[PDB]
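> The structure is given below, and queries will be raised subsequently.
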Amino acid sequence: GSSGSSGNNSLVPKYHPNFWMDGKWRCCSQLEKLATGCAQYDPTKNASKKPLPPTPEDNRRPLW
Ligand SMILES: [Zn+2]
């Protein structure tokens, strides 16, 4: 028994820095009910840091 999984993203993780009114957003003013964030995330503006990515492996190989 357990729980906790992660998926993959397609487009930069945006957000709505404004509210939605008048059948349309205020920050982006989109025309979709599930309109995805418009403002792109912020690399600097944050309270966390991540190290550099690891290195890949060599040519494929069987599992025997
Ligand atoms: Zn927006």
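Here's how to read the names in the structure tokens: chain A, B, ... by the order shown, residue numbers from 1 in each chain, ligand numbers from 1 in the order shown.
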Return as a PyMOL selection string the residues of protein, DNA or RNA that approach ligand 1 to within 12 Å, with only C-alpha atoms and all ligand atoms taken into account.
chain A and resi 13-21+24-40
